[PDB]
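Protein chains in written order, with the entry's author numbering: chain x, 2 to 84; chain E, 2 to 178; chain a, 1 to 66; chain r, 2 to 117; chain A, 162 to 226.
From the three backbone atoms N, C-alpha and C, an ideal C-beta is built for every residue, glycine too.
I have placed the structure first, in the form of structure tokens, so that the comments after it can refer back to it.
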RNA sequence: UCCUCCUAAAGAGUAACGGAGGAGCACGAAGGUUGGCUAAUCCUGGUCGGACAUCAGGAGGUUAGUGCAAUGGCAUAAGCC
RNA sequence: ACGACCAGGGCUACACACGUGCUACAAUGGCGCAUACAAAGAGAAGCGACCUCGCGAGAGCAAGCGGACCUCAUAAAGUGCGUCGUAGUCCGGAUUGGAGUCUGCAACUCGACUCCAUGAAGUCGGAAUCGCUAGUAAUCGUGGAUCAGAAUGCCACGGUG
RNA sequence: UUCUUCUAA
RNA sequence: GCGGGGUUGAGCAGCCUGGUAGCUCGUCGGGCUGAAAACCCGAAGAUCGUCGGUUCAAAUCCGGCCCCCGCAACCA
Ligand SMILES: [Mg+2]
Ligand SMILES: [Mg+2]
Ligand SMILES: [Mg+2]
Ligand SMILES: [Mg+2]
Ligand SMILES: [Mg+2]
Ligand SMILES: [Mg+2]
Ligand SMILES: [Mg+2]
Ligand SMILES: [Mg+2]
Ligand SMILES: [Zn+2]
């Protein structure tokens, strides 16, 4: 994890769209290449798409996702099974 | 007869009030307490039951009747009449004296204690419970015993309804929630 | 009750960790000093605390300030 | 001989016999006896009860046997239900912390299932 | 090796895979490292139904006693 | 060769290479008596316990049981101790 | 466009199999305190004392030093004492949960480290097979290269033998 | 004492 | 028309008067080999042709049943 003294990390071009999607008042999916961005409490309820190497998969943001980064809900290895 | 003294004076007037019974005889009273260790793994020899029946006789002071198989099931590898478990019916005096030691000592000493249930009154007022390990009783020294026994207390009362047996054990402060 | 089959039933003293002095009729024989009982169990105190749901946004506004 | 739900044995030394509690190891049992004032190499046999009756409260300060399993199984079901990467690690049976899964994942995978 | 391929449009895709198939390669069974030219063959034949449990009829017969 | 129902036509009997099944024993208690006792199955709850051991509760009313085939019986039990 | 640019991913996947290693399966050993002895290296956008803060990883101030001066650097095995006394153990450390620190735009995939809790298999390994002829094998420490960070690898160095 | 084989650039 | 049997991938014991799934070949993976054989090591595999029924319980006991190995279908 990151140090506490730096605080949580988020990207500006996401933070310029978190601020936009709060003030816009819509349920529109915003597709995002920033997997590495910590979810903020003003991001809750937003269906947003995190890239996973190939596509953009929309993720509903809930209460218990705040400390986690965005990339944990967009799997990159589309594994199925050997059998 | 300590709780039976405690029953006859406070609990009798209590259930006249919170159910509005016509007569004094309408009150739910407890009749017996049954202690069962159905030990189906005693098919090897009597000894695992013979050491377990002596354990339950130390829990409450009656020599337990060894129950046998009613019919036979080969899915459990028993014929009709194998010594398969032991029971004790505590009536009159020895009911209450166990019923005090159970509600005070052996039940709060149960590991991961989160109270009992209110959903286990067998449809018609007779609450049943079951404990996991026989060493919750202070009769049972942990160094002296070697197999993890477990029994299931069955309380048989004269409650017609389901709530009346709940309010009967709630007068004795039985640990639900 | 027969005179031979039923085991020994000697009334003893049940001491505790919180000062509970009670006298039970028992089959132990020797003196009994308990550990927990109906008096001081963490059931009416700590079952609400031991669930520990925990806050997620509430944890978040601890680890920094803006 | 019985602390906080379990039966601590009677032949071991003090901190060593304490570690049988699901929730104390060697370091925390040094902190339990730091507030109970007990030497850490006396047996559980030949102790005093008022030592022990305060000693249960020191263990009861923390989270233990039935409660610690209840929180950990809650924090696993926290990850099981988020659908995060670690929850998908736990419910496939694969190692969580980011190890080698091409070889040597035997603790999370168990014994080997041969290809049939 | 003979395989049955159950699927949709099987023979529509593989009917053009009949005949020979030639490698030129260094074999795994060559110690000198020289490059050999081998060939295989593939038969793709469509799965017709069963012939038919024979249903005789006593109007296509002539019985001599 | 013996045993049970059907064929057998409401007493008894009654045939066929007619339809179906069993027996060539068992038991020193599975006998005698005295005294008690009431099953099967399903349901609700309950430590390992699970469709099914063992414990209570109610429905239930011989659907059980009878040393064995089938038939007739059996609670005043012939059933169970 | 098989050339070029940017983001995110993959080279870290996982029913399996093989090769090379590390730590173990303990008492010739573990743990706690005390105590004794190296060598060879590296160091400026650096090594960083000392002191304080912190349980710790570290942080802060900031000397000294382009180095037979100063610094990483405390060598460890050993020794002395003490307990554990043959157990899945005070062996073993996997795994897992919480909590952190450091680096770096940035540690989800996917970093190392620390703390607390947790405590798998393992009680010396079949067919077989490898290394080694003296400071060697065995064993225990140290550093460098690579590098913002990131070795159980490699390349070096000495101790016991 | 026993012990076979190595196809086609 | 009467007898014998149908059992892991394969071929057979074990069927026992009912409580209990064995072997061989083979398969898989290692070892030896430069490699392949042969050998060696370590593994696994069954709803007993099938369906009803009898007992607490069926590969088993029974009854029908599917395939076949047979045997016999004659005296004129
Ligand atoms: Mg007649
Ligand atoms: Mg007539
Ligand atoms: Mg009789
Ligand atoms: Mg009578
Ligand atoms: Mg049940
Ligand atoms: Mg009789
Ligand atoms: Mg069997
Ligand atoms: Mg070969
Ligand atoms: Zn107390």
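(request) Tell me where the beta strand (DSSP E) around residue 183 of chain A begins and ends. (result) For residue 183 of chain A, the uninterrupted beta strand (DSSP E) run begins and ends at 180-186, by DSSP.
(request) Rank r:65, r:7, r:117 by C-alpha distance to the C-alpha of residue 24 of chain r and give the top, closest one. (result) Comparing C-alpha distances from residue 24 of chain r to each of r:65, r:7, r:117 shows the shortest one belongs to r:65.
(request) Identify every run of the alpha helix (DSSP H) within the stretch 16-63 of chain r, keeping only runs that are complete inside it and at least 4 residues long; order them along the chain. (result) The qualifying runs are 27-37, 50-61.
(request) List the residues of chain a that residue 140 of chain E touches, going by C-beta distances under 8 Å, in chain order. (result) The answer, in chain order, is 26, 27, 28.
(request) Grab the span of the beta strand (DSSP E) containing residue 12 of chain r for me, first residue to last. (result) Element bounds for residue 12 of chain r: n/a, residue is neither H nor E.
(request) Within its chain, find whatever has a CB closer than 8 Å to the CB of residue 82 of chain r; leave out the 5 residues flanking it on each side and keep chain order. (result) Cβ within range, chain order: 88.
(message) Quick check on residue 26 of chain a: does DSSP put it in helix, strand or coil?
(response) DSSP places residue 26 of chain a in strand when its eight states are reduced to three.
(request) Check the Cβ-Cβ distances between residue 79 of chain r and every residue of chain x, and say whether any is below 8 Å. (result) Under the Cβ criterion of 8 Å, residue 79 of chain r is counted among the residues facing chain x.
(request) Could you spell out the range, first to last residue, of the alpha helix (DSSP H) harbouring residue 17 of chain E? (result) Under the DSSP assignment, residue 17 of chain E falls in the alpha helix (DSSP H) whose first and last residues are 13-18.
(request) Run the CB neighbour count on residue 187 of chain A, radius 10 Å, all protein chains shown included, and call it buried at 16 or more, exposed below. (result) Burial call: exposed.
(message) Using a 10 Å radius around the Cβ and a threshold of 16 neighbouring Cβ atoms, would you call residue 41 of chain a buried or exposed?
(response) Residue 41 of chain a counts as buried, since no fewer than 16 other beta carbons sit within 10 angstroms of its beta carbon.
(message) Considering just the uninterrupted stretch of the beta strand (DSSP E) at residue 86 of chain E, what are its terminal residues?
(response) Residue range 84-91 is occupied by the beta strand (DSSP E) that includes residue 86 of chain E.
(message) Give me the subset of the stretch 7-26 of chain r whose CB atoms are less than 8 Å from a CB atom of chain E, sorted by chain position.
(response) Using a CB distance below 8 Å, the part of the stretch 7-26 of chain r facing chain E consists of 7, 8, 11, ordered along the chain.
(request) Please determine if the stretch 12-22 of chain E and the stretch 76-83 of chain x are in contact, where contact requires at least 3 C-beta pairs separated by less than 8 Å. (result) Contact between the stretch 12-22 of chain E and the stretch 76-83 of chain x is absent, because fewer than three Cβ pairs lie under 8 Å.
(request) Answer with buried or exposed for residue 36 of chain a, where buried requires no fewer than 16 other C-beta atoms within 10 angstroms of its C-beta. (result) It counts as buried.
(message) residue 154 of chain E and residue 36 of chain E - do their beta-carbons sit closer together than 8 Å?
(response) Result yes, Cβ atoms of residue 36 of chain E and residue 154 of chain E sit closer than 8 Å.
(request) Can you grab the Cα-Cα spacing for the pair residue 174 of chain A / residue 14 of chain x, in whole Å? (result) Going by the C-alpha atoms only, they are around 49 Å apart.
(message) I want to verify the contact list: residues of chain a whose CB lies under 8 Å from the CB of residue 63 of chain E, in sequence order.
(response) The answer, in chain order, is 1, 6.
(message) Just to confirm, is the Cβ distance from residue 63 of chain x to residue 45 of chain x under 8 Å?
(response) Yes, Cβ-Cβ distance for residue 63 of chain x and residue 45 of chain x is below 8 Å.
(request) Go ahead and pull the three-state DSSP assignment for residue 34 of chain E. (result) The answer is strand: DSSP assigns residue 34 of chain E an E or B state.
(request) For chain x, find out if any of its Cβ atoms is closer than 8 Å to the Cβ of residue 84 of chain r; answer yes or no. (result) By this cut-off, residue 84 of chain r is an interface position.
(request) Below 6 Å CB to CB, which residues in the same chain sit around residue 10 of chain r once its five sequence neighbours on both sides are set aside? (result) Leaving aside the five residues that flank residue 10 of chain r on each side, the residues in its chain whose CB is nearer than 6 Å to its CB run, in chain order, 18.
(message) Per DSSP, what are the beta-bridge partners of residue 67 of chain E in this structure?
(response) Per DSSP, E:87.
(request) Could you tell me which chain a residues have their CB closer than 9 Å to the CB of residue 9 of chain x, listed as they occur along the chain? (result) Going along chain a in sequence order, the residues near residue 9 of chain x (Cβ under 9 Å) are 60, 63, 64.
(message) Determine, for residue 42 of chain r, whether the minimum Cβ-Cβ distance to residues of chain a falls below 8 Å.
(response) No, no contact with chain a.
(message) Taking the straight line between their C-alpha atoms, what separation do you get for residue 92 of chain E and residue 5 of chain a?
(response) When rounded, the distance between both Cα atoms is 17 Å.
(message) Please report the straight-line C-alpha distance between residue 7 of chain x and residue 49 of chain a, rounded to a whole angstrom.
(response) A straight-line Cα-Cα distance of about 32 Å links residue 7 of chain x and residue 49 of chain a.
(message) Quick check: the Cα distance between residue 171 of chain E and residue 109 of chain E, rounded to an integer number of angstroms?
(response) In a straight line, the C-alpha of residue 171 of chain E is about 16 Å away from that of residue 109 of chain E.
(request) Could you check if residue 40 of chain x is buried or exposed, using at least 16 other CB atoms within 10 Å of its CB as the buried criterion? (result) Answer is buried; the Cβ neighbour count reaches 16.
(message) Taking 8 Å as the threshold (beta carbon to beta carbon), is residue 33 of chain a in contact with chain r?
(response) With its beta carbon less than 8 Å from one in chain r, residue 33 of chain a belongs to the interface.
(request) Measuring alpha carbon to alpha carbon, tell me which of r:94, r:12, r:76, r:35 ends up nearest residue 43 of chain r. (result) With distances taken between Cα atoms, residue 43 of chain r lies closest to r:12.
(message) Using a strict less-than 5 Å threshold between each residue's beta carbon and the heavy atoms of ligand 9, what residues do you get?
(response) Every residue whose Cβ sits closer than 5 Å to any heavy atom of ligand 9 is listed here in chain order: a:16, a:17, a:18, a:40.
(request) Decide if residue 6 of chain r is buried, meaning its Cβ has at least 16 other Cβ atoms within 10 Å, or exposed. (result) The residue is buried, with at least 16 neighbouring Cβ atoms inside 10 Å.
(message) Could you check whether residue 62 of chain E and residue 7 of chain a sit closer than 8 Å to each other, using their CB atoms as the reference points?
(response) With contacts defined by Cβ atoms closer than 8 Å, residue 7 of chain a and residue 62 of chain E form a contacting pair.
(message) Would residue 3 of chain E and residue 101 of chain E be called neighbours here (beta carbons separated by less than 8 Å)?
(response) Between residue 3 of chain E and residue 101 of chain E, the C-beta spacing is below 8 Å.
(message) Measuring only the C-alpha atoms, how far is residue 28 of chain r from residue 35 of chain x?
(response) Looking at the two C-alpha atoms, the distance is approximately 41 Å.
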